[PDB]
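In the form deposited in one PDB entry, a lone chain appears below as structure tokens.
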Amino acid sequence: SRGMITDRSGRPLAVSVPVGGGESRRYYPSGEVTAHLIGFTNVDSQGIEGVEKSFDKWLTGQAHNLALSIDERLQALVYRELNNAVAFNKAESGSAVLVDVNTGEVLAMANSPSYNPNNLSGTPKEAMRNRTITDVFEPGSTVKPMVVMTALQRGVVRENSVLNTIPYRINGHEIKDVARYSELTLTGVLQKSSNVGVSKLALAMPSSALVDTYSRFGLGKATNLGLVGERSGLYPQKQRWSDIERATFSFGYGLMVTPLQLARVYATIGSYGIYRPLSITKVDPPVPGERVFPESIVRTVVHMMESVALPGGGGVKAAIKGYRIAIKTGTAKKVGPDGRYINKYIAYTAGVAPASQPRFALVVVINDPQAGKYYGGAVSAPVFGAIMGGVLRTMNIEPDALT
């Protein structure tokens, strides 16, 4: 008397198989591939984790079946690249979230390491944490597209403007890029991911500017998926800011976001400024959402984000044959247990695709890579192109770019 969980097209993800005659159990056909989102039961058909626990009442007849928003073909290829990229880079964990730009539907949600819900004996209480909703890390350079949007909105800068990116000092702390550049343009600021460029913008604006924009894209706001351990991130509510706090805010200092939240930011970028709620159940279109940023400004920055994936950007590794993509890379220094920064990194690559008319938002988070490279452009960017390349071609998206 236990309902069945399926993906958005009917594929079984949690079935009650009869074993032993009359008595039945619970089988998970995808296994580790979708473990964290799906969860598991006990011997009493009681949900303990994931969708199995969140919908335990609906799945017993207080019995109905539940069509998730996941596409198992997409979940499988997300997991295949994410799992083998955690291993290859010898990382602590890795998370990836794939969201439908037009409906906020979660088409995939994966972590490595994982566990097998068909035989969870020996697996501790960790490794059952859904990293996509429980990990909170500083977003780093991935917020920079929103800084350009705010600057264009507040009239501080115009599309064709050359910024002075020579290093400088704010109070005691100094600001410098990975590679020194005497000057840069807006498209160049995001291309090279210039910490100096965006910090100059953050100082020519009231501190409330970036606070308003980041929130309009969902940061610090709950995701309301209903799952266990779903964290809302740490968000600054400061009444007064320092000059160094405003500057480092433009490249991901002073806030912590879950991978699910960061995927919602890029679904709002790919919708050109429409903010839609996230869903792990198959939705009935339409999903109108709320307009949170002017369309013309987000399209302008979406186009700027293409040069990250083109020769010169810090994300050329993510390129895909025959498609335009608009992405942003990111590297964050991890915070230690004492509250100060250690020598461990979070490698990001977030983006939308295809750039001509984005249909999918994708986020790749690789926690603590230790194998030769540590920054997103070399660690998570090639994973982005592998996943998104598989996504665009599985979903039969018309090729975009002459390549």
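In this text, rigid core is short for the largest set of C-alphas that superpose within 1.5 Å between two forms. Just count from 1 along the sequence shown to find any residue number.
Below: the form deposited in another entry, not depicted.
Considering 175, 227, 256, 292, one residue stands apart with a C-alpha shift of at least 2 Å between the shown form and the other one following superposition on the core, and it is 227. Core-superposed comparison between the shown form and the other one: the CA of residue 134 exceeds or equals a 2 Å shift.
In the other form, the Cα-Cα separation between residue 179 and residue 336 grows by 3 Å or more relative to the displayed conformation.
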